[PDB]
Each structure stands twice: as structure tokens, then as C-alpha cells.
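This report refers to the structure that appears directly beneath it.
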Amino acid sequence: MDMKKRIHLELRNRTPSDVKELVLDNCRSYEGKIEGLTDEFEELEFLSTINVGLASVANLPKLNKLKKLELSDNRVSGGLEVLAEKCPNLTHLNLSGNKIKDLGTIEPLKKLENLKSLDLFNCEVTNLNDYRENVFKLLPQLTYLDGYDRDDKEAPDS
Amino acid sequence: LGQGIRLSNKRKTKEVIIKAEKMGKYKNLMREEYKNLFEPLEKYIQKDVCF
Amino acid sequence: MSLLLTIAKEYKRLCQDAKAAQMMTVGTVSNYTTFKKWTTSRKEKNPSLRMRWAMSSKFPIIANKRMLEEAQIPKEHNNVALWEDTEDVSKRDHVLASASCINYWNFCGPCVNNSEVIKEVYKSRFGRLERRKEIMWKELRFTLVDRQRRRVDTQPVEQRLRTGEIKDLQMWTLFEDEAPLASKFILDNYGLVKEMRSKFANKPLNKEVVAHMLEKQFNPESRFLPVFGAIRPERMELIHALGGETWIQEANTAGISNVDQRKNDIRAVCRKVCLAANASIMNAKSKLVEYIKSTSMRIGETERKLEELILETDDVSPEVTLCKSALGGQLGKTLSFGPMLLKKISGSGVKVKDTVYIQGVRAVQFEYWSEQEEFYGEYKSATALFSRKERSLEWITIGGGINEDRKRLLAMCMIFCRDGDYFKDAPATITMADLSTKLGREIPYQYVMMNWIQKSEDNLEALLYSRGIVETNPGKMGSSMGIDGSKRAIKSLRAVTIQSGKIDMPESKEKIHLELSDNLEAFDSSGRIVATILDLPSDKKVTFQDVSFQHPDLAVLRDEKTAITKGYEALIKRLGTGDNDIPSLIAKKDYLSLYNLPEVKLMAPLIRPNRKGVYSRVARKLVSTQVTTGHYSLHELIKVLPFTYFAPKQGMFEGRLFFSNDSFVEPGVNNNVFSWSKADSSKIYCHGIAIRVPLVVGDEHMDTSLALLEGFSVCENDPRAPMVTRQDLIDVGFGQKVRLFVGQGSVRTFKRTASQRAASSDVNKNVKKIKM
Numbered sequence: 001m002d003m004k005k006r007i008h009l010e011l012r013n014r015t016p017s018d019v020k021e022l023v024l025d026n027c028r029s030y031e032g033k034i035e036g037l038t039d040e041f042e043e044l045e046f047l048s049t050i051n052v053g054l055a056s057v058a059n060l061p062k063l064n065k066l067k068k069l070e071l072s073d074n075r076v077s078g079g080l081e082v083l084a085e086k087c088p089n090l091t092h093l094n095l096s097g098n099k100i101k102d103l104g105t106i107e108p109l110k111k112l113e114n115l116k117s118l119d120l121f122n123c124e125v126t127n128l129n130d131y132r133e134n135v136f137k138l139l140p141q142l143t144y145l146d147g148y149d150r151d152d153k154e155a156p157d158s
Numbered sequence: 353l354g355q356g357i358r359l360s361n362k363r364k365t366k367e368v369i370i371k372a373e374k375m376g377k378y379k380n381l382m383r384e385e386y387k388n389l390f391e392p393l394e395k396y397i398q399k400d401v402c403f
Numbered sequence: 001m002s003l004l005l006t007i008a009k010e011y012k013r014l015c016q017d018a019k020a021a022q023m024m025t026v027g028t029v030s031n032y033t034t035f036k037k038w039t040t041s042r043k044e045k046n047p048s049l050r051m052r053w054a055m056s057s058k059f060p061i062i063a064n065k066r067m068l069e070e071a072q073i074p075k076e077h078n079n080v081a082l083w084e085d086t087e088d089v090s091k092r093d094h095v096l097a098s099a100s101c102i103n104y105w106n107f108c109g110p111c112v113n114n115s116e117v118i119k120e121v122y123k124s125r126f127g128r129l130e131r132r133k134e135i136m137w138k139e140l141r142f143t144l145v146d147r148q149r150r151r152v153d154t155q156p157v158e159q160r161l162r163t164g165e166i167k168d169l170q171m172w173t174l175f176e177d178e179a180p181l182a183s184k185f186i187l188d189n190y191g192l193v194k195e196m197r198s199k200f201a202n203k204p205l206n207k208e209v210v211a212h213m214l215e216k217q218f219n220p221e222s223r224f225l226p227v228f229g230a231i232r233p234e235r236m237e238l239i240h241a242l243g244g245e246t247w248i249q250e251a252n253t254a255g256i257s258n259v260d261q262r263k264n265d266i267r268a269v270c271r272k273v274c275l276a277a278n279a280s281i282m283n284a285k286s287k288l289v290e291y292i293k294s295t296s297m298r299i300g301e302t303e304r305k306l307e308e309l310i311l312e313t314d315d316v317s318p319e320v321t322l323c324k325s326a327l328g329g330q331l332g333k334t335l336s337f338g339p340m341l342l343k344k345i346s347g348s349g350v351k352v353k354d355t356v357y358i359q360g361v362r363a364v365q366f367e368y369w370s371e372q373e374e375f376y377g378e379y380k381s382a383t384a385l386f387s388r389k390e391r392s393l394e395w396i397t398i399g400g401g402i403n404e405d406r407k408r409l410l411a412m413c414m415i416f417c418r419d420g421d422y423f424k425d426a427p428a429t430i431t432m433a434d435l436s437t438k439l440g441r442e443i444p445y446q447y448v449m450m451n452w453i454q455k456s457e458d459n460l461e462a463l464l465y466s467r468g469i470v471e472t473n474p475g476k477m478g479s480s481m482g483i484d485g486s487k488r489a490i491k492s493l494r495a496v497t498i499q500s501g502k503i504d505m506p507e508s509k510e511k512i513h514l515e516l517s518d519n520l521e522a523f524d525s526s527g528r529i530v531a532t533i534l535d536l537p538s539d540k541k542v543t544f545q546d547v548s549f550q551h552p553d554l555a556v557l558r559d560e561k562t563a564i565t566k567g568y569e570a571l572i573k574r575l576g577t578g579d580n581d582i583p584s585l586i587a588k589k590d591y592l593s594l595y596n597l598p599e600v601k602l603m604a605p606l607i608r609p610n611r612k613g614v615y616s617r618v619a620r621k622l623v624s625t626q627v628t629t630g631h632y633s634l635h636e637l638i639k640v641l642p643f644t645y646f647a648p649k650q651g652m653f654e655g656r657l658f659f660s661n662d663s664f665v666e667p668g669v670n671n672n673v674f675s676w677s678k679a680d681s682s683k684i685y686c687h688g689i690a691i692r693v694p695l696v697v698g699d700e701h702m703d704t705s706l707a708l709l710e711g712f713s714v715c716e717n718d719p720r721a722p723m724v725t726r727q728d729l730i731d732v733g734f735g736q737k738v739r740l741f742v743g744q745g746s747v748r749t750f751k752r753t754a755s756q757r758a759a760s761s762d763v764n765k766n767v768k769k770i771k772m
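Protein chains in written order, with the authors' numbering: chain GP1, 1 to 158; chain EP1, 353 to 403; chain CP1, 1 to 772.
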């Protein structure tokens, strides 16, 4: 469909200032660009955008109370510093299914001191040597990676 | 002498095959490097071999 | 927006006038087309001359003005003019310019983000290019060529359609907002439309161009041309660069476009179903129609109905003819007598009776035509032109290239004309058993002699000997044929002519509506037979790929998989409109009433009994999760529901859901038992069989009103109901009414209630109730 209509539909007369969750999976966004998002969404604490032909994060507005994001199945690559500019209170992140080549693209995420878990699956970076260890040495605050902590400690349900 | 040289047109759609004994018959076609390596020895050739 | 307000102001100003008002008030909208012609009418005799006489000027071109200002197109860039403020007489909103302007735009003008969409717009020509690049050329040779003329197709095309099926397709992809009522071709071919729409949606484009290109993408260009060698569209598109009257550029082009495979598969399926229906004795007609409509096949990615492809193809075979006749499909005036081909050029006649004695005295009636007629004939690598006259082969000419083919064609022609003494006194070898009636179905002596020839070569030799033999006169040595099929001999057959060079196939753009009998023999407004079931190979076994024989008789599965499939079918049929159905319950979020459906109660016995509770838990869980929110996938509930009938329990769910026959389905991944794709969201594949899901509700994947049209229907007009758009159409309640705009200049009233039946049954039955 289109993120615009999808959003206008999810907003069943509700103001964009009292919601705590949103989902936009199986949609489309022209030019891989956000469309319909604003700073009006303040109480939002979760977001899910999956398989929407996304390629970048540039129109994403400032969301502080947000603490979990999902961008899988898209082809984003390179833009990972806004997260500090827009969502510095973020804790859970997921990027499995996107275009990620090296670690220099990952370095900005160190500034997300509130980060706890990250999910990278099916990406090129995973096909390197000593990547989990090097990443942990890069992002020390982090504890979970793709659902597994140091020593391969399976993470709980929730 | 081993298997003789082969010929070919530009597009390579046709390819002729000749034996060694007759390379002295088409020397005017073979490349230089293959030519300069053949004339000085034509004296020692009898039918298809080199004395 | 403001543009909309401007359009309204312009409409107001225009209605203020009297003539414009009279014309926009009187008559219907079709008048527009007429008005489109009375304006901007001007032609020229020799445009080349006027083009050299105009381009020799300063500003020979017109162009928009605001587009140039917005584009910042200057004037007198480097002392060279590009345009000057003026107003053409016709447009009044365009300005003169020069061709240099066209370069100035191409070199320092506005650039768009992407333009690869062109490759889709002109897909046919990029396909031409690719097919060309994948060729391996070969040597060139000189010689004379036997170029035969005939009607063929030059444009390779997949899913060839008609014109009425396109004028609609050009709308649902491009200009949907003004789309007419949904036609059957749309409801059937949903994935096709979805595909064509995914590419040309949310794009800056000129749409008329796209429509024209789609017409070309669905048009096989049929031409009457000289031809040599094999006949395939992949070649005819570049025949100009393969050979002429005196030269030939050899090249291999066999492994491209995978076209004829589809046709041979279709003909094999037709032969199969024809034989099946022939197995019957009194209803082969209805049996065949049922086998047809109960069958489908895949084309590339999409699945198409057989009866739909049959009415689009042009394979003149004794199998396709029968089918196209059963479905009332008109066709050309082409005959078929066994493997050969025939076509009448001129003449007439009428049936007549005669008899022959098989062995001793055994009278058997055989018919012939009492007049003079002329016929063209085409067998493998052989052509012929002959004439029949009162049970005799008057003359014949041949232009083939083989002796065997030339003898077989001659023999089949002699038979077709009942020429010879055998038809006057049959041989001893034949008997009453070989006569006819394998199981009761008679056989005319014609096809009898046919199979008698195909049996042994010596029968063929004797038949040829039945034709007069004489001594090859002088001069005619070249135009003579021996018994072996030699271009010359000392003694040759009677009334025969040979020559080098095939015969030019005739042509006629005519159509005829024929019929058939209970014995599968078609007739054409006369006693002539165009096709039958004796003219095809006896039988053969084949394993058809990507096909759906959803019919009991045409099925090989056991009662278990068949029961599973029928349970799924029944469970899907509850996907219609009205309460007690799954859509209304989902809308009401009554995820519980689904567990109590009767269909799950009928499929329950098939569940593995030792773990039915555990699976049930998982299923109910999934359902609630999908139902409570609204983010559900209709293709998973229909799969997991059959397990929710029992009571939950405790246990370890491995990940699979087994039935009682060691066949499982997995919730999220497609398998042999239950598969589907986001491309074609209107199909469900179970054990290879296909199932058509109705279009009543649309989940996250389906993203238009196309998925709702099978839930709506027309009703008596009610001015009280509101008028809404095609997008808010989803927010209505099952059983409600609403007014709406359709296509152009048309308003109607719709109701979200479906009608299960189609006209095929309600007419035929009531008819059969009249012949008593």
C-alpha cells in the first residue's frame, strides 16, 4: 500500500501524541524515504518497519521515549548516527536483512549508552573473522547480540 | 614433425587443417615468428621430417 | 488543491456561456470522443519537404512556457536563440522555440532521480535485444531457397490476450480511480494485474505511452510472408538477417523463448481429456466440458484456466478444434484428415451414398462428394495441390522435398477422395473386426483404410499401384514420380505432376461457428467433417508439470490427500460474506467462534490423535495474536484452524503439525502440502492441486480495492445511502448499502453481499428441463 495510508488507518481517530506502539510492516515508501512521520509522536515507545523497501534514515524525526526499533528486510546502509540525534534513549535494535559491509558503519552506535541488545543476521559483517569479539570490544556497554551474550548465554523470552 | 598447423577465416566460421609436409606450401600465410622458424630448416626437410 | 479550485473556477466560467453549457448538458459523455475530432484537424502532403522548409527557419518548434520558466531555460545563451515570447495560433498556451533548445535541455537541464522504468515500458524490444545477443552466428553460404508464403506470428508474446481483455487491464494498472466494474478476466487474473501495477505505481510517467506499449506487449504481429526453415516467432522477428532468395546466414536459435513447449503441452492435455471423454458412451460432451473447467495449468509465474488459453491460441490441430467447439469458440475454415492438413480453395458438393464388399459379399456404406473441388494439402515437409471429381482424384501437383512424405501425402489424398478400386472392392485382408466398433463406436471405411496403410508399408505400395501406371513420356521426365518417390523414372504414375518449390499457402480471414455430435465429430453447416478422434495418435503416457487436474476421474491421489484437499476447499468456501463466516468474526474479533465451526469438526478425524491437544494450543494462540490486533495473514489461519477443535494440553511442540497420514504443515514456511506466495495471494497449493480463494477481505499484503470486489454486488438504487470513494469502501459493514461512482459518467449502488453461483449451471439445467 503506502506508509501514508497505513498510518492514517492505524490512527483510528487517535491523536499522534498518546500512542505507545506502531507497526508498518509489509508496506512501501517511495524512494526508500520516510513519509508521514513527525515530532507529534511523543509517547511512542516502540516501532516496527519491516519489508518496506527502505534504504536510509534521513526524514526520521526526534523520538526520545522510543526504546526499541525494527528495520529488518530492508536495504539500509550507512546512516546510523541520527539514532544519537533522534533516539538517544534506545535500548533494543535490529538490522538483520540489511546492507552492512564493515564495522566503521557500526561505530556510531557506541554513543547509544542506553543500548542493550542488537540483532545482526544474514549480513556481510557476520562473515568476517572475530566479529562478535571485535564488536564487543567496540561496543562494551552492549550485552546481547542476535540473542546471545558473551559465553553464548541464551537470552530469555522477554 | 607433430600435427600440422590449422587455418581459419576472420570470424573463424571456417577452419582448414593441413599436415606438416605441406607447411612449405603455404609459408606465405603463416605468421612471421612461425615463418622465420621454418625457412632456415626447409633445406633439411625431406617429406614431413627434419634430418 | 489550489489547482482543483482553479479547475472549478474554469468550469464555472465555461458554464456561464450558453453553447458550452448546452453541449455539456445535452447527451451523454461519449460525445466527447466526437468533439475530439472536430478540433485540431490539419494534415500535409509531403511532410519531408515541409520539414526541410521549416527546419530552415529560426523557431520551427513550439513548447510550453511555464515549464521553461520553472526549468530556468534562458534565451540567447551564447548569442544563439532558444525561444522568444509568442503564442501559437492553435494552442494559445505554447511558445515558439528552436531545436537547439532540445540540446540545451539534454545537456544542462533538470535531471530525474531514476529512469530504469523504461526497460519495463518497452520490455518487448529489450527482449528482442537480449535474444539477439544470445545467438551464435555461423558461416555464410550462397544458394537458391524454397521460400513458401504463409501467415505466421513475428512477435514472441506470453499470455496472448484479446482486445476487450486489454482495454480493462490498461485501467486497473494505470488510471484505476476511473475504473469500470470488475470483469471476470480481472477476478481470475489478479496476480497479473498486481504485477503490472507494482512497477507503474507511484512513478512520474506519461500514461498513454505506457498503454500503447502494453498493447504491443500483448499483440502477436501476424503477417503473410515468405518463410524458409523452421517456424518460430524468435526467428521471424529477424528473418531479414537469416536468409533471402539467394543467400543464407546460418545461425542457431533453438534455445530461446521456450514457446512451442507450451503449445505441445496444451495439445497433449487436450488429447488426454478428449480420450477420457471418449471413454464415455452418452455424455462425452458434458464429461469433456467438466474435465475442461475442472483443470488449470501454469504459465511462467501465473496460473491460468485451460478454457481461457484454448480460446486465445491458434493451433489448428484435431484436438484443439474439438475443445474450442465444445466451448462454443469460433475458429477458421481449416480441415484435418489424420496427421495431414487441408484447406479448400474452391468448389462445392454434397454427400452421396455408395457401398463396397469387404470379403466376398458384405455390403458397407461409404459416402463421397458429388462435385468438383480443389484443395491445398500440407504434410511434413511436403505440399500438394489436387482436385477431386466424383469419387476420383482428377489431378495433383507436389512441391515437397522427401520421397516418403511425398508417398504418404499422395496416399492420404487418394483416400480423402475415395479414388481407386479398393473403395469399390476392399481387399481380403480387412475383416469385420478391423472394420469398426472397438466397443460400439462405428468407423467409416476411410479411417479404416487409413490405419490399414499406417500398419504396413506394403498396403501403401498396393494402394499406390491402384493408381494408374504408364511410361514416362519425353520431356515430362522431370515432372514425374515413380513408386519410391523419385523425381524421374522410365515409368511413372498416372495424372501426377512434380516440381521444385513448395506451394504458397492460401489465406482467408474468415471465421465459422461449428458444432459436434455425441461421437466427437464436428460439422460445419454441412455434412463435412473437420475433425474427429480417429485422426490423433492412439495413446501415450506423459507426466505433466505445473498442472491442476482438480477432478475425481482425472486424479491419482488417494482418499487421504483428497480428503485433506476437500476439507481445505470446504473451509475456504466459508470465506464469503454474511455472519457465521470468518470475515465478520474477525471484524468482531470473535476468535472463539472459529473453533466451533463445523468444517474443523469434519477435518478433525484426520488429525494425529496422540498430539491433537498440543497442536490445538499453538493454533489457538496464533489465532488470538493475529485476531486481537488486526495484523493477520489470511493464508495461515486457513491452515491452522483444523487443529483448534480439540482441547489444549501440555507438551513440547517440535515445530510441525502432523495429520494422521504422516503429512504435516508448518506455520510460516511453504511445503508440498500447503504453499503460497505474496506474488499470487489468490491461490492455495495443496498437494500440487490449486485452490482459488475468493476476494472478500484484504490483509496487510493486499493493498487495493481489488481484493474486495468479490464481496460486493449491485442492487436497487437507493438515494438515501451515502456516496463514498473506492478507498473508504473497506470501512463498510457486511450487508450494508452505499452509492458509488463507476468509470465515467455513471453512478450506481452497491451492497457488500456476494452471490455464490455463476450462470453456467442455472441455464443448462433449466434448458434440459425443456426437452422433455
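We put the CB at the ideal spot given by N, CA and C, even for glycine.
(message) Any C-beta of chain CP1 within less than 9 Å: which residues of the stretch 25-45 of chain GP1 qualify?
(response) Answer set for the stretch 25-45 of chain GP1: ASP25, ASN26, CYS27, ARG28, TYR30, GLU31.
(request) Report back the beta-carbon spacing between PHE366 (chain CP1) and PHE423 (chain CP1) to the nearest angstrom; my notes put them in contact at under 8 Å. (result) 7 Å
(request) At 7 Å on the CB atoms, spell out the chain CP1 contacts of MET1 (chain GP1), in chain order. (result) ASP703
(message) Strictly under 8 Å for the Cβ-Cβ distance: is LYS305 (chain CP1) near chain EP1 by that measure?
(response) no
(message) Pull the bridge partners of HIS94 (chain CP1) from the DSSP assignment, please.
(response) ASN64 (chain CP1)
(request) Tell me whether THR397 (chain CP1) sits in a helix, a strand or coil according to DSSP, three-state version. (result) strand
(message) So if DSSP puts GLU374 (chain CP1) in a beta bridge, which residue, or which two residues, is it bridged to?
(response) DSSP links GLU374 (chain CP1) through a beta bridge to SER346 (chain CP1), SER387 (chain CP1).
(request) Over the uninterrupted beta strand (DSSP E) stretch that includes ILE691 (chain CP1), give me the two end residues. (result) 689-692
(request) Could you tell me whether the Cβ of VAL23 (chain GP1) comes closer than 8 Å to any Cβ of chain CP1? (result) yes
(request) Step through the CB atoms of chain EP1 and report whether any lies within less than 8 Å of the CB of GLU139 (chain CP1). (result) yes
(request) Taking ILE266 (chain CP1) as the reference, give the member of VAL320 (chain CP1), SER294 (chain CP1), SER280 (chain CP1) with the closest Cα. (result) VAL320 (chain CP1)
(message) Check whether chain CP1 comes within 8 Å of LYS371 (chain EP1), counting only Cβ atoms and requiring the distance to be less than that.
(response) Taking Cβ atoms only, chain CP1 never reaches closer than 8 Å to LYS371 (chain EP1), which makes this a no.
(message) I'd like to confirm the pairing. Which residues does DSSP put opposite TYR357 (chain CP1) in its beta bridges?
(response) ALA363 (chain CP1), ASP425 (chain CP1)
(request) Would you kindly check if the distance between the Cβ of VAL640 (chain CP1) and the Cβ of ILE586 (chain CP1) is under 8 Å? (result) no
(request) Would you list, in chain order, the members of the stretch 685-704 of chain CP1 that have their beta-carbon closer than 7 Å to a beta-carbon of chain GP1? (result) Listed by position along the chain: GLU700, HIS701, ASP703.
(message) Can you confirm whether the stretch 568-577 of chain CP1 touches the stretch 645-658 of chain CP1 when touching is taken to mean that 3 or more C-beta pairs between the two stretches lie within less than 8 Å?
(response) no
(request) Under 7 Å between beta-carbons, which chain GP1 residues line up against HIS635 (chain CP1)? List them in chain order, please. (result) Here the premise fails: no neighbours, minimum Cβ distance about 13 Å.
(message) I believe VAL600 (chain CP1) touches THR644 (chain CP1) by the beta-carbon criterion, under 8 Å. Please report the beta-carbon distance rounded to the nearest angstrom.
(response) 6 Å
(request) Go ahead and label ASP680 (chain CP1) buried or exposed: buried means 16 or more other beta carbons lie within 10 angstroms of its beta carbon, across all protein chains shown. (result) buried
(request) Mind the definition here: the stretch 528-538 of chain CP1 touches the stretch 315-333 of chain CP1 only if three or more C-beta pairs lie below 8 Å; say whether that holds. (result) yes
(message) Please report the straight-line C-alpha distance between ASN283 (chain CP1) and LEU708 (chain CP1), rounded to a whole angstrom.
(response) 38 Å
(request) Could you pull the start and end residues of the alpha helix (DSSP H) that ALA268 (chain CP1) belongs to? (result) Run containing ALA268 (chain CP1): 260-278, per the alpha helix (DSSP H) assignment.
(request) Write down the C-beta distance between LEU80 (chain GP1) and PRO61 (chain GP1) rounded to the nearest angstrom, noting that I regard them as a contact closer than 8 Å. (result) Not quite, the Cβ-Cβ distance comes to about 17 Å (not below 8 Å), so this is no contact.
(request) Starting from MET136 (chain CP1), follow the beta strand (DSSP E) in both directions and report where the run begins and ends. (result) 136-142
(request) Give the secondary structure of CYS402 (chain EP1) by DSSP, where H, G and I count as helix, E and B as strand, and everything else as coil. (result) strand
(request) Give the interface partners of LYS366 (chain EP1) over in chain CP1, defined as CB-CB distance under 7 Å, in chain order. (result) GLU139
(request) Helix, strand or coil for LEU69 (chain GP1), going by three-state DSSP, please let me know. (result) In this structure, DSSP gives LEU69 (chain GP1) a state outside helix and strand, which the three-state scheme calls coil.
(request) Measure the C-alpha to C-alpha separation of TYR445 (chain CP1) and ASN189 (chain CP1) and round it to an integer number of angstroms. (result) Distance between the alpha carbons of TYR445 (chain CP1) and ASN189 (chain CP1) is about 47 Å.
(request) List the whole-angstrom C-beta distance separating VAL57 (chain GP1) from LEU24 (chain GP1), where the pair is believed to meet the contact cut-off of C-beta under 8 Å. (result) So it is not a contact: roughly 14 Å between Cβ atoms.
(request) Output yes if chain GP1 places a C-beta closer than 8 Å to the C-beta of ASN670 (chain CP1); else output no. (result) no
(request) Return helix, strand or coil for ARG50 (chain CP1), following the three-state DSSP convention. (result) helix
(request) Flag this pair as yes or no: are the beta carbons of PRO642 (chain CP1) and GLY745 (chain CP1) separated by less than 8 Å? (result) no
(message) For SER548 (chain CP1), list the residues DSSP reports as bridge partners.
(response) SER296 (chain CP1)
(request) Tell me, to the nearest whole angstrom, how far the beta carbon of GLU303 (chain CP1) is from that of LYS678 (chain CP1); I am working on the premise that it is less than 8 Å. (result) Not really, about 15 Å apart at Cβ, beyond 8 Å.
(message) Can you look up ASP458 (chain CP1) in the DSSP assignment and give me helix, strand or coil?
(response) helix
(request) With 7 Å as the C-beta to C-beta threshold (strictly closer), list the residues of the stretch 195-224 of chain CP1 near chain B in chain order. (result) Chain labels in this structure do not include chain B; the protein chains are GP1, EP1 and CP1.
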